[PDB]
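Reviewing the structure listed below.
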Amino acid sequence: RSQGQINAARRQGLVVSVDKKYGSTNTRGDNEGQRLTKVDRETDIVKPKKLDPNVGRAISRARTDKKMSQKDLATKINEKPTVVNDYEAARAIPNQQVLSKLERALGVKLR
Amino acid sequence: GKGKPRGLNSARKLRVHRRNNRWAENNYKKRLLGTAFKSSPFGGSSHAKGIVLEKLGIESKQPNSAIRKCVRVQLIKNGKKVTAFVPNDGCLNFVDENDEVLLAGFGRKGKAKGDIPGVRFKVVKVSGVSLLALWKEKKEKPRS
Amino acid sequence: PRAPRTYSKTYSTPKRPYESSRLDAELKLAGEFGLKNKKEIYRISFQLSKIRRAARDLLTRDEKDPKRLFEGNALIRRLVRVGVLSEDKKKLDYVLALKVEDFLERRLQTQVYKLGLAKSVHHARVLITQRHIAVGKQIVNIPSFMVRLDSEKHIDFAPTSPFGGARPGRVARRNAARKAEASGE
Amino acid sequence: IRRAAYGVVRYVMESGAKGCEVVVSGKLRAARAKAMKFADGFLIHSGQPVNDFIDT
RNA sequence: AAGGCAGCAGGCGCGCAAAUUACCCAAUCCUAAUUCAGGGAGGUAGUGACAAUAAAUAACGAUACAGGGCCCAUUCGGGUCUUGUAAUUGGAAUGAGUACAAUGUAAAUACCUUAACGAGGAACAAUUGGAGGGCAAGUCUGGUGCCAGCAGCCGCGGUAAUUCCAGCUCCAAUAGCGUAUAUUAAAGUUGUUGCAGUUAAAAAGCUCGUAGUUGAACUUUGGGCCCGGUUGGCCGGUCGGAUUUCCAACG
């Protein structure tokens, strides 16, 4: 993955996995790019990572009741102030990049 | 056929005909009339220093509706008066009357640029320092 | 009034500046060879374009032209000696097929890596410029040395370098020094 | 939108339908609303047979 | 009474625009009555991002989360296949610099050597322009509201700005990068190669006519050797045509 073998496996061969990535370079990651096909080929309704039961309730207070506001909090994570609004109690589909920036900007280790 | 002479002893006609039709070319004429020396405000130079006379506001032409914040400048070596655009915002505060600015061409080799009507020049340096430095707070304008 | 010094530049910028084919063809030439910047790649294609201009000039001339024969063998044996033209490929129709890849192979920054002892292609670059590799008897710290055919048996660590013996350098020397003043006495 | 909707029309055609049609209307990818329609087969919408053979 | 730096160094002025009032005859050569003297010729050093060459800003390791697809599944699991985020640690190597020395040199400086110091994110910290298209790289966030401004060109901005001002992220070249003017390619948009002229720009209203440019056809085949035919026969093989060989010369 990351330097574990990609130099160790390059012992005088120099070509194993040298193909190009998907190619956005500013559009966000493909953490659900596998799930996007599954919801496309499955001809029924599937539930999209339903809710945020306690990572909403407990982590809204630890983040925002400390010093901050969501208008401030969404500004340092670079999202609209309604995105954090639907991460407060309920009513969101949680994606990884937004929830990662939510964690590393205010420390509370609940994923 | 083809309307031009072709005979082997006809080099004079082709050479004089090329010469006469070179004058239809825009830059060949200016190279051989010396229009840069006599007619252009800069004396055929990339840059010229000037003296600021007044701050100007020029209405941007259609379909833009801004005010362009340029100045009127009199050159040292010629005495001619040109209008020069003052670049990105706040720079008109950095320029004042009688600051001895430095001018450059405005990009299009003697033509106006963008929505500004009748401005062929821009300010580069004011009071001898820069405008990039003054805009980015890298240098300070001398007290004058 | 002293006679001038001749000089020239050894590279050329490509015509179209922003491609997605040429700009991403630097996957090999910058990551798979461990290079500084595109000027090291523009340099190779300049010499390689210099080669084909001479070769195209010769092929236009008649076969058994004394000029074609003289500068032909000279161009071959120069390219044979550095190992960019293979052992029997010796024909002017094959120097035109010569591409950028088998020039960066002959660089000392890769020839160190292929001859063991480097464990990465840009661990070798660090070792060369830190005055560790000597060719024959001569320390070289130029990663673009372009080794010859009778030189691959002579890439080895320098007689002065810590990895070729000779009293290891100021990091281990000082590191062993503080254990001497803490554990020894 | 174009993938979610062509995956519905082709499933209904696989199910032995003679024609179906899917309309998506709203602000699809811009600030000014448009309407995209995706169809296959044929549909009749004229009269009493609408009450018989059309489901909406 | 005295003068002539478009000699060397320097100053003023002019400007967009250009270096030290330094050291020496040791090299290159010159002159003289001449091996010795003299030489701002010339050389050495200082200033010097004019151009040009080479190529530092790190290299090896160890350590982890969070998903998603599929498979088997008890449901608690793996067992692959991939997606992103770093984050804490270790010994090794080196010169940029500070310098005994020696070397270099007319004497020095610097280079090339080299004792002694000289790396853990705080530094010994790389910038310059860009991210709608041309043209590589964000429909991420905050501010503004046809204002400020951007924008070579098309265009952006009038209350959800991928284009302004910012933060983050990313792209391009890189000790260099942007801007201005000129010039060359692009430009078969100067056309000899090689343009176009009915309607896009362009056939003089028409004819004569000197220079200029251009101008129908016609005037004999000695060296030899190999190859193809076309005539001339010695030769028909054959039921009026069918193969070619040895020999001329016929080009």
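So you can find residues: chains in the structure tokens are A, B, ... in the order shown, residues in each start at 1, and ligands are numbered from 1 in order.
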
Sorted by chain and rising residue number, which residues of region 5-109 of chain B lie within 10 Å of region 123-138 of chain B, and what are their closest atom pairs and distances in Å to one decimal, counting only C-alpha atoms, as JSON lines?
{"residue": "B:47", "atom": "CA", "partner": "B:124", "partner_atom": "CA", "distance": 9.3}
{"residue": "B:48", "atom": "CA", "partner": "B:123", "partner_atom": "CA", "distance": 9.8}
{"residue": "B:49", "atom": "CA", "partner": "B:125", "partner_atom": "CA", "distance": 9.0}
{"residue": "B:50", "atom": "CA", "partner": "B:123", "partner_atom": "CA", "distance": 9.5}
{"residue": "B:51", "atom": "CA", "partner": "B:126", "partner_atom": "CA", "distance": 9.9}
{"residue": "B:52", "atom": "CA", "partner": "B:126", "partner_atom": "CA", "distance": 9.7}
{"residue": "B:70", "atom": "CA", "partner": "B:123", "partner_atom": "CA", "distance": 9.1}
{"residue": "B:71", "atom": "CA", "partner": "B:123", "partner_atom": "CA", "distance": 8.9}
{"residue": "B:73", "atom": "CA", "partner": "B:123", "partner_atom": "CA", "distance": 9.7}
{"residue": "B:83", "atom": "CA", "partner": "B:123", "partner_atom": "CA", "distance": 9.8}
{"residue": "B:84", "atom": "CA", "partner": "B:123", "partner_atom": "CA", "distance": 6.3}
{"residue": "B:85", "atom": "CA", "partner": "B:123", "partner_atom": "CA", "distance": 6.5}
{"residue": "B:86", "atom": "CA", "partner": "B:123", "partner_atom": "CA", "distance": 5.8}
{"residue": "B:87", "atom": "CA", "partner": "B:123", "partner_atom": "CA", "distance": 7.4}
{"residue": "B:88", "atom": "CA", "partner": "B:135", "partner_atom": "CA", "distance": 8.1}
{"residue": "B:89", "atom": "CA", "partner": "B:135", "partner_atom": "CA", "distance": 8.2}
{"residue": "B:90", "atom": "CA", "partner": "B:135", "partner_atom": "CA", "distance": 7.4}
{"residue": "B:91", "atom": "CA", "partner": "B:135", "partner_atom": "CA", "distance": 6.8}
{"residue": "B:94", "atom": "CA", "partner": "B:134", "partner_atom": "CA", "distance": 7.5}
{"residue": "B:95", "atom": "CA", "partner": "B:126", "partner_atom": "CA", "distance": 6.6}
{"residue": "B:96", "atom": "CA", "partner": "B:126", "partner_atom": "CA", "distance": 9.0}
{"residue": "B:98", "atom": "CA", "partner": "B:127", "partner_atom": "CA", "distance": 9.1}
{"residue": "B:99", "atom": "CA", "partner": "B:127", "partner_atom": "CA", "distance": 5.4}
{"residue": "B:100", "atom": "CA", "partner": "B:127", "partner_atom": "CA", "distance": 5.8}
{"residue": "B:101", "atom": "CA", "partner": "B:126", "partner_atom": "CA", "distance": 4.4}
{"residue": "B:102", "atom": "CA", "partner": "B:125", "partner_atom": "CA", "distance": 4.9}
{"residue": "B:103", "atom": "CA", "partner": "B:123", "partner_atom": "CA", "distance": 4.6}
{"residue": "B:104", "atom": "CA", "partner": "B:123", "partner_atom": "CA", "distance": 6.5}
{"residue": "B:105", "atom": "CA", "partner": "B:123", "partner_atom": "CA", "distance": 8.9}
{"residue": "B:106", "atom": "CA", "partner": "B:123", "partner_atom": "CA", "distance": 9.0}

Based on the selection just made, write N, CA, C and O atoms of those residues as a short mmCIF file (atom, residue, chain, number, x, y, z; two decimals), in the first residue's frame.
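Heads up, here's the output in result.cif:
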data_model
loop_
_atom_site.label_atom_id
_atom_site.label_comp_id
_atom_site.auth_asym_id
_atom_site.auth_seq_id
_atom_site.Cartn_x
_atom_site.Cartn_y
_atom_site.Cartn_z
N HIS B 47 9.57 50.42 -21.96
CA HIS B 47 9.17 51.12 -20.75
C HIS B 47 9.48 52.60 -20.87
O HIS B 47 10.32 53.01 -21.67
N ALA B 48 8.80 53.39 -20.05
CA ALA B 48 9.08 54.81 -19.95
C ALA B 48 8.63 55.30 -18.58
O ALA B 48 7.61 54.84 -18.07
N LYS B 49 9.40 56.21 -17.99
CA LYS B 49 9.01 56.83 -16.74
C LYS B 49 8.15 58.05 -17.02
O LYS B 49 8.27 58.69 -18.06
N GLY B 50 7.29 58.39 -16.07
CA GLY B 50 6.38 59.50 -16.24
C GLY B 50 6.19 60.28 -14.96
O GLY B 50 6.89 60.05 -13.98
N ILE B 51 5.26 61.23 -15.00
CA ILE B 51 4.86 62.01 -13.83
C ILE B 51 3.34 62.03 -13.78
O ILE B 51 2.69 62.40 -14.77
N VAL B 52 2.77 61.66 -12.65
CA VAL B 52 1.32 61.56 -12.52
C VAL B 52 0.72 62.96 -12.43
O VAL B 52 1.18 63.80 -11.67
N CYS B 70 -7.78 54.45 -13.38
CA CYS B 70 -6.52 54.70 -14.07
C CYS B 70 -6.01 56.10 -13.74
O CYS B 70 -6.65 56.85 -13.01
N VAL B 71 -4.83 56.46 -14.27
CA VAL B 71 -4.24 57.77 -14.03
C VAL B 71 -3.77 58.37 -15.35
O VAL B 71 -3.60 57.68 -16.35
N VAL B 73 -0.66 60.55 -17.05
CA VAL B 73 0.77 60.58 -16.79
C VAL B 73 1.45 61.38 -17.90
O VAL B 73 1.09 61.24 -19.07
N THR B 83 -2.56 57.91 -20.86
CA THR B 83 -3.38 57.35 -19.80
C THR B 83 -2.96 55.92 -19.54
O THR B 83 -2.84 55.12 -20.48
N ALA B 84 -2.73 55.59 -18.28
CA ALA B 84 -2.24 54.28 -17.91
C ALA B 84 -3.13 53.68 -16.83
O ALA B 84 -3.51 54.37 -15.89
N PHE B 85 -3.44 52.40 -16.98
CA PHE B 85 -4.30 51.71 -16.04
C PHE B 85 -3.52 51.31 -14.80
O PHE B 85 -2.37 50.89 -14.89
N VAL B 86 -4.15 51.45 -13.65
CA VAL B 86 -3.54 51.09 -12.37
C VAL B 86 -4.10 49.74 -11.95
O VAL B 86 -5.31 49.64 -11.70
N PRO B 87 -3.29 48.70 -11.84
CA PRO B 87 -3.80 47.35 -11.58
C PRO B 87 -4.40 47.14 -10.20
O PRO B 87 -4.66 48.09 -9.46
N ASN B 88 -4.62 45.87 -9.86
CA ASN B 88 -5.55 45.34 -8.86
C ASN B 88 -5.65 46.05 -7.52
O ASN B 88 -4.69 46.68 -7.06
N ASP B 89 -6.82 45.90 -6.88
CA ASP B 89 -7.45 46.94 -6.07
C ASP B 89 -6.58 47.49 -4.96
O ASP B 89 -5.71 46.81 -4.41
N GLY B 90 -6.84 48.75 -4.63
CA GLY B 90 -6.09 49.48 -3.65
C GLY B 90 -4.86 50.17 -4.19
O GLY B 90 -4.25 50.96 -3.47
N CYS B 91 -4.48 49.90 -5.44
CA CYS B 91 -3.26 50.48 -5.97
C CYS B 91 -3.43 51.95 -6.30
O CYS B 91 -2.45 52.71 -6.28
N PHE B 94 -2.19 53.73 -3.53
CA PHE B 94 -0.74 53.77 -3.48
C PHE B 94 -0.16 54.78 -4.45
O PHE B 94 0.98 55.22 -4.25
N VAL B 95 -0.88 55.13 -5.50
CA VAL B 95 -0.43 56.17 -6.41
C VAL B 95 -1.09 57.49 -6.02
O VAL B 95 -2.22 57.52 -5.52
N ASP B 96 -0.33 58.57 -6.15
CA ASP B 96 -0.80 59.93 -5.90
C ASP B 96 -0.25 60.81 -7.02
O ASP B 96 0.49 60.34 -7.89
N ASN B 98 2.22 63.26 -8.76
CA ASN B 98 3.65 63.56 -8.74
C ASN B 98 4.44 62.50 -7.97
O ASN B 98 5.21 62.78 -7.06
N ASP B 99 4.24 61.24 -8.39
CA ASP B 99 4.98 60.13 -7.81
C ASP B 99 6.06 59.54 -8.70
O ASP B 99 6.79 58.67 -8.23
N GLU B 100 6.17 59.99 -9.95
CA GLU B 100 7.22 59.55 -10.88
C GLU B 100 7.16 58.03 -11.10
O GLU B 100 8.04 57.27 -10.71
N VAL B 101 6.04 57.61 -11.69
CA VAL B 101 5.76 56.20 -11.96
C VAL B 101 6.57 55.67 -13.12
O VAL B 101 7.17 56.43 -13.88
N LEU B 102 6.61 54.35 -13.26
CA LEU B 102 7.22 53.67 -14.40
C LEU B 102 6.13 52.93 -15.15
O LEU B 102 5.29 52.26 -14.54
N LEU B 103 6.16 53.02 -16.47
CA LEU B 103 5.09 52.52 -17.32
C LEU B 103 5.60 51.38 -18.20
O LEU B 103 6.77 51.33 -18.56
N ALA B 104 4.69 50.49 -18.57
CA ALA B 104 4.97 49.46 -19.55
C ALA B 104 3.84 49.41 -20.56
O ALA B 104 2.81 50.06 -20.40
N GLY B 105 4.04 48.62 -21.60
CA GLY B 105 2.97 48.34 -22.53
C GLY B 105 1.91 47.51 -21.85
O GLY B 105 2.16 46.88 -20.83
N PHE B 106 0.70 47.50 -22.40
CA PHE B 106 -0.42 46.89 -21.70
C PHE B 106 -0.78 45.54 -22.31
O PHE B 106 -1.82 44.97 -21.98
#

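Within 10 Å of region 56-60 of chain B, once only C-alpha atoms (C1' of nucleotides) are used and residues closer than 4 positions along the same chain are dropped, the contacting residues are residues 64, 65, 66, 67, 68, 69, 70, 71, 72, 83, 84, 85, 86, 92, 114, 115, 116, 117, 118 and 119 of chain B.
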
DSSP says strand (DSSP E) for which residues of region 74-171 of chain C? Put them as an mmCIF file with N, CA and C atoms, in the first residue's frame?
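Saved as result02.cif:
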data_model
loop_
_atom_site.group_PDB
_atom_site.id
_atom_site.type_symbol
_atom_site.label_atom_id
_atom_site.label_comp_id
_atom_site.auth_asym_id
_atom_site.auth_seq_id
_atom_site.Cartn_x
_atom_site.Cartn_y
_atom_site.Cartn_z
ATOM 1 N N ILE C 133 30.726 6.573 -4.382
ATOM 2 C CA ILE C 133 30.970 5.654 -5.486
ATOM 3 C C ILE C 133 32.137 6.162 -6.307
ATOM 4 N N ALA C 134 33.087 5.276 -6.587
ATOM 5 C CA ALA C 134 34.225 5.586 -7.433
ATOM 6 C C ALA C 134 34.260 4.624 -8.605
ATOM 7 N N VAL C 135 34.621 5.142 -9.773
ATOM 8 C CA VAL C 135 34.747 4.352 -10.990
ATOM 9 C C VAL C 135 36.226 4.219 -11.298
ATOM 10 N N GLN C 138 38.636 6.784 -9.468
ATOM 11 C CA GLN C 138 38.201 8.173 -9.432
ATOM 12 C C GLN C 138 36.817 8.268 -8.811
ATOM 13 N N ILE C 139 36.696 9.035 -7.729
ATOM 14 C CA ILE C 139 35.384 9.317 -7.160
ATOM 15 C C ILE C 139 34.617 10.230 -8.100
ATOM 16 N N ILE C 155 32.384 0.074 -11.015
ATOM 17 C CA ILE C 155 31.562 0.760 -10.021
ATOM 18 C C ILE C 155 31.681 0.001 -8.707
ATOM 19 N N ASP C 156 32.229 0.668 -7.700
ATOM 20 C CA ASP C 156 32.375 0.114 -6.365
ATOM 21 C C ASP C 156 32.535 1.283 -5.410
ATOM 22 N N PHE C 157 32.419 0.994 -4.120
ATOM 23 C CA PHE C 157 32.516 2.050 -3.126
ATOM 24 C C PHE C 157 33.927 2.620 -3.089
#

Based on DSSP run over this structure's backbone, return all residues of chain D in helix (DSSP H, G or I), as JSON, numbers by chain. {"D": [2, 3, 4, 5, 6, 7, 8, 9, 10, 11, 12, 13, 14, 48, 49, 50, 51, 52, 53]}

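CA of residue 75 (chain A) sits 13.9 Å away from CA of residue 63 (chain A).
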
Please, which residues in chain E fall within 8 Å of chain B when counting only C-alpha atoms (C1' of nucleotides), and what is the closest atom pair and distance in Å to one decimal for each, ordered by chain then residue number, as CSV?
residue,atom,partner,partner_atom,distance
E:15,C1',B:77,CA,7.5
E:16,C1',B:47,CA,4.8
E:146,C1',B:65,CA,5.2
E:147,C1',B:66,CA,7.6
E:148,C1',B:89,CA,7.0
E:149,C1',B:89,CA,6.1
E:151,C1',B:114,CA,7.1
E:152,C1',B:107,CA,6.3
E:180,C1',B:46,CA,5.3
E:181,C1',B:46,CA,4.0
E:190,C1',B:22,CA,6.1
E:213,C1',B:10,CA,6.3
E:214,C1',B:7,CA,6.9

Deliver the residues from the most recent selection as a file, using N, CA and C atoms (P, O5', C5', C4', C3', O3' and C1' of nucleotides), as a PDB file, in the first residue's frame.
ATOM      1  P     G E  15      15.862  62.557 -20.028  1.00  0.00           P
ATOM      2  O5'   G E  15      15.759  61.303 -19.059  1.00  0.00           O
ATOM      3  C5'   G E  15      14.904  60.215 -19.368  1.00  0.00           C
ATOM      4  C4'   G E  15      15.663  59.122 -20.066  1.00  0.00           C
ATOM      5  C3'   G E  15      15.353  57.710 -19.627  1.00  0.00           C
ATOM      6  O3'   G E  15      14.173  57.211 -20.213  1.00  0.00           O
ATOM      7  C1'   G E  15      17.687  58.000 -19.753  1.00  0.00           C
ATOM      8  P     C E  16      12.978  56.715 -19.280  1.00  0.00           P
ATOM      9  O5'   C E  16      13.284  55.172 -19.090  1.00  0.00           O
ATOM     10  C5'   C E  16      12.854  54.476 -17.936  1.00  0.00           C
ATOM     11  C4'   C E  16      13.329  53.054 -17.987  1.00  0.00           C
ATOM     12  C3'   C E  16      14.834  52.878 -17.984  1.00  0.00           C
ATOM     13  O3'   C E  16      15.363  52.881 -16.673  1.00  0.00           O
ATOM     14  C1'   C E  16      13.868  51.547 -19.688  1.00  0.00           C
ATOM     15  P     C E 146     -24.341  45.451  -7.346  1.00  0.00           P
ATOM     16  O5'   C E 146     -23.975  45.193  -8.866  1.00  0.00           O
ATOM     17  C5'   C E 146     -22.710  44.662  -9.227  1.00  0.00           C
ATOM     18  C4'   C E 146     -22.119  45.405 -10.393  1.00  0.00           C
ATOM     19  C3'   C E 146     -23.071  46.360 -11.100  1.00  0.00           C
ATOM     20  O3'   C E 146     -22.340  47.483 -11.584  1.00  0.00           O
ATOM     21  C1'   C E 146     -22.323  44.728 -12.623  1.00  0.00           C
ATOM     22  P     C E 147     -22.482  48.905 -10.859  1.00  0.00           P
ATOM     23  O5'   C E 147     -21.590  48.765  -9.552  1.00  0.00           O
ATOM     24  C5'   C E 147     -20.190  48.988  -9.580  1.00  0.00           C
ATOM     25  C4'   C E 147     -19.629  48.998  -8.184  1.00  0.00           C
ATOM     26  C3'   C E 147     -18.131  48.793  -8.057  1.00  0.00           C
ATOM     27  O3'   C E 147     -17.428  50.012  -8.202  1.00  0.00           O
ATOM     28  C1'   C E 147     -19.288  47.442  -6.479  1.00  0.00           C
ATOM     29  P     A E 148     -15.969  50.057  -8.859  1.00  0.00           P
ATOM     30  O5'   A E 148     -15.094  49.093  -7.952  1.00  0.00           O
ATOM     31  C5'   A E 148     -14.488  49.566  -6.765  1.00  0.00           C
ATOM     32  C4'   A E 148     -13.943  48.428  -5.946  1.00  0.00           C
ATOM     33  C3'   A E 148     -12.761  47.688  -6.538  1.00  0.00           C
ATOM     34  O3'   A E 148     -11.531  48.347  -6.312  1.00  0.00           O
ATOM     35  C1'   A E 148     -14.363  46.135  -5.778  1.00  0.00           C
ATOM     36  P     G E 149     -10.705  48.980  -7.531  1.00  0.00           P
ATOM     37  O5'   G E 149      -9.825  47.782  -8.094  1.00  0.00           O
ATOM     38  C5'   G E 149     -10.201  47.037  -9.237  1.00  0.00           C
ATOM     39  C4'   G E 149     -10.152  45.558  -8.960  1.00  0.00           C
ATOM     40  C3'   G E 149      -9.773  44.672 -10.133  1.00  0.00           C
ATOM     41  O3'   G E 149      -8.383  44.589 -10.374  1.00  0.00           O
ATOM     42  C1'   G E 149     -11.737  43.853  -9.201  1.00  0.00           C
ATOM     43  P     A E 151      -5.647  39.534 -14.509  1.00  0.00           P
ATOM     44  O5'   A E 151      -6.479  39.023 -15.758  1.00  0.00           O
ATOM     45  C5'   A E 151      -6.860  37.664 -15.905  1.00  0.00           C
ATOM     46  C4'   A E 151      -7.831  37.515 -17.046  1.00  0.00           C
ATOM     47  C3'   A E 151      -7.392  38.185 -18.330  1.00  0.00           C
ATOM     48  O3'   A E 151      -6.506  37.391 -19.080  1.00  0.00           O
ATOM     49  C1'   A E 151      -9.581  38.859 -17.838  1.00  0.00           C
ATOM     50  P     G E 152      -5.174  38.054 -19.652  1.00  0.00           P
ATOM     51  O5'   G E 152      -5.657  38.758 -20.990  1.00  0.00           O
ATOM     52  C5'   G E 152      -5.254  40.078 -21.311  1.00  0.00           C
ATOM     53  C4'   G E 152      -4.505  40.100 -22.615  1.00  0.00           C
ATOM     54  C3'   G E 152      -5.321  39.680 -23.828  1.00  0.00           C
ATOM     55  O3'   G E 152      -5.960  40.779 -24.458  1.00  0.00           O
ATOM     56  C1'   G E 152      -3.358  38.366 -23.695  1.00  0.00           C
ATOM     57  P     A E 180       2.650  41.270 -20.718  1.00  0.00           P
ATOM     58  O5'   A E 180       3.680  42.422 -21.094  1.00  0.00           O
ATOM     59  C5'   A E 180       3.408  43.782 -20.799  1.00  0.00           C
ATOM     60  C4'   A E 180       4.524  44.678 -21.262  1.00  0.00           C
ATOM     61  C3'   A E 180       4.884  44.588 -22.730  1.00  0.00           C
ATOM     62  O3'   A E 180       4.010  45.354 -23.537  1.00  0.00           O
ATOM     63  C1'   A E 180       6.848  44.607 -21.412  1.00  0.00           C
ATOM     64  P     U E 181       3.664  44.904 -25.031  1.00  0.00           P
ATOM     65  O5'   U E 181       4.959  45.299 -25.863  1.00  0.00           O
ATOM     66  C5'   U E 181       5.301  46.657 -26.081  1.00  0.00           C
ATOM     67  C4'   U E 181       6.733  46.807 -26.524  1.00  0.00           C
ATOM     68  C3'   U E 181       7.123  46.086 -27.804  1.00  0.00           C
ATOM     69  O3'   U E 181       6.731  46.755 -28.986  1.00  0.00           O
ATOM     70  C1'   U E 181       8.751  45.683 -26.154  1.00  0.00           C
ATOM     71  P     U E 190       2.882  35.477 -44.940  1.00  0.00           P
ATOM     72  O5'   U E 190       3.750  35.915 -46.183  1.00  0.00           O
ATOM     73  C5'   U E 190       3.751  35.154 -47.378  1.00  0.00           C
ATOM     74  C4'   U E 190       4.239  35.962 -48.548  1.00  0.00           C
ATOM     75  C3'   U E 190       5.540  36.722 -48.328  1.00  0.00           C
ATOM     76  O3'   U E 190       6.282  36.739 -49.539  1.00  0.00           O
ATOM     77  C1'   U E 190       3.828  38.236 -48.905  1.00  0.00           C
ATOM     78  P     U E 213      13.955  41.483 -70.419  1.00  0.00           P
ATOM     79  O5'   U E 213      12.758  40.457 -70.248  1.00  0.00           O
ATOM     80  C5'   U E 213      12.387  39.993 -68.964  1.00  0.00           C
ATOM     81  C4'   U E 213      11.043  39.311 -68.977  1.00  0.00           C
ATOM     82  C3'   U E 213      10.885  38.146 -69.931  1.00  0.00           C
ATOM     83  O3'   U E 213      11.478  36.941 -69.493  1.00  0.00           O
ATOM     84  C1'   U E 213       9.035  39.550 -70.155  1.00  0.00           C
ATOM     85  P     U E 214      12.328  36.066 -70.530  1.00  0.00           P
ATOM     86  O5'   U E 214      11.225  35.413 -71.467  1.00  0.00           O
ATOM     87  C5'   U E 214      10.217  34.583 -70.925  1.00  0.00           C
ATOM     88  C4'   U E 214       9.084  34.360 -71.889  1.00  0.00           C
ATOM     89  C3'   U E 214       9.433  33.736 -73.220  1.00  0.00           C
ATOM     90  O3'   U E 214       9.681  32.348 -73.161  1.00  0.00           O
ATOM     91  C1'   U E 214       7.941  35.517 -73.563  1.00  0.00           C
TER      92        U E 214
END

Chain A residues near chain C (9 Å cut-off, only C-alpha atoms) as an MDAnalysis selection string: chainID A and resid 7:8 10:12 14:15 18 20

Only N, CA, C and O atoms, please: the residues just picked out, written as a PDB file, in the first residue's frame.
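The new file part_38.pdb reads:
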ATOM      1  N   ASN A   7       8.629  -0.444  -2.631  1.00  0.00           N
ATOM      2  CA  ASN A   7      10.058  -0.358  -2.895  1.00  0.00           C
ATOM      3  C   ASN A   7      10.750  -1.703  -2.735  1.00  0.00           C
ATOM      4  O   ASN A   7      11.708  -1.992  -3.457  1.00  0.00           O
ATOM      5  N   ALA A   8      10.275  -2.537  -1.808  1.00  0.00           N
ATOM      6  CA  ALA A   8      10.867  -3.855  -1.624  1.00  0.00           C
ATOM      7  C   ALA A   8      10.540  -4.784  -2.783  1.00  0.00           C
ATOM      8  O   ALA A   8      11.335  -5.673  -3.105  1.00  0.00           O
ATOM      9  N   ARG A  10      10.331  -3.820  -5.813  1.00  0.00           N
ATOM     10  CA  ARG A  10      10.884  -3.193  -7.005  1.00  0.00           C
ATOM     11  C   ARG A  10      12.353  -3.556  -7.188  1.00  0.00           C
ATOM     12  O   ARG A  10      13.131  -2.777  -7.738  1.00  0.00           O
ATOM     13  N   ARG A  11      12.746  -4.743  -6.731  1.00  0.00           N
ATOM     14  CA  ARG A  11      14.146  -5.140  -6.792  1.00  0.00           C
ATOM     15  C   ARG A  11      14.524  -5.516  -8.218  1.00  0.00           C
ATOM     16  O   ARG A  11      14.348  -6.670  -8.625  1.00  0.00           O
ATOM     17  N   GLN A  12      15.013  -4.530  -8.976  1.00  0.00           N
ATOM     18  CA  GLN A  12      15.523  -4.673 -10.342  1.00  0.00           C
ATOM     19  C   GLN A  12      14.453  -5.113 -11.343  1.00  0.00           C
ATOM     20  O   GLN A  12      14.782  -5.562 -12.445  1.00  0.00           O
ATOM     21  N   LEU A  14      11.209  -3.077 -11.632  1.00  0.00           N
ATOM     22  CA  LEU A  14      10.799  -1.702 -11.926  1.00  0.00           C
ATOM     23  C   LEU A  14       9.404  -1.545 -12.539  1.00  0.00           C
ATOM     24  O   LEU A  14       8.943  -0.411 -12.702  1.00  0.00           O
ATOM     25  N   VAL A  15       8.701  -2.642 -12.842  1.00  0.00           N
ATOM     26  CA  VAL A  15       7.307  -2.606 -13.307  1.00  0.00           C
ATOM     27  C   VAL A  15       6.510  -3.745 -12.652  1.00  0.00           C
ATOM     28  O   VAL A  15       6.747  -4.925 -12.935  1.00  0.00           O
ATOM     29  N   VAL A  18       2.400  -0.085 -12.133  1.00  0.00           N
ATOM     30  CA  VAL A  18       2.775   1.282 -12.487  1.00  0.00           C
ATOM     31  C   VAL A  18       1.649   1.976 -13.258  1.00  0.00           C
ATOM     32  O   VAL A  18       1.832   3.063 -13.819  1.00  0.00           O
ATOM     33  N   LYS A  20      -1.886   4.053 -14.032  1.00  0.00           N
ATOM     34  CA  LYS A  20      -2.383   5.349 -13.584  1.00  0.00           C
ATOM     35  C   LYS A  20      -3.655   5.199 -12.748  1.00  0.00           C
ATOM     36  O   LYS A  20      -4.479   4.316 -12.993  1.00  0.00           O
TER      37      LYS A  20
END

Could you make a table, as JSON lines, of the residues of chain A that have an atom within 10 Å of an atom of chain D, each with its nearest atom pair and distance in Å to one decimal, counting only C-alpha atoms, in chain and number order?
{"residue": "A:39", "atom": "CA", "partner": "D:4", "partner_atom": "CA", "distance": 8.9}
{"residue": "A:40", "atom": "CA", "partner": "D:4", "partner_atom": "CA", "distance": 6.5}
{"residue": "A:41", "atom": "CA", "partner": "D:7", "partner_atom": "CA", "distance": 7.5}
{"residue": "A:42", "atom": "CA", "partner": "D:7", "partner_atom": "CA", "distance": 9.3}
{"residue": "A:43", "atom": "CA", "partner": "D:11", "partner_atom": "CA", "distance": 7.4}
{"residue": "A:44", "atom": "CA", "partner": "D:8", "partner_atom": "CA", "distance": 9.8}

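Put simply, CA of residue 14 (chain D) is 18.3 Å away from CA of residue 56 (chain D).
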
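Here CA of residue 66 (chain A) and CA of residue 28 (chain A) stand 29.6 Å from one another.
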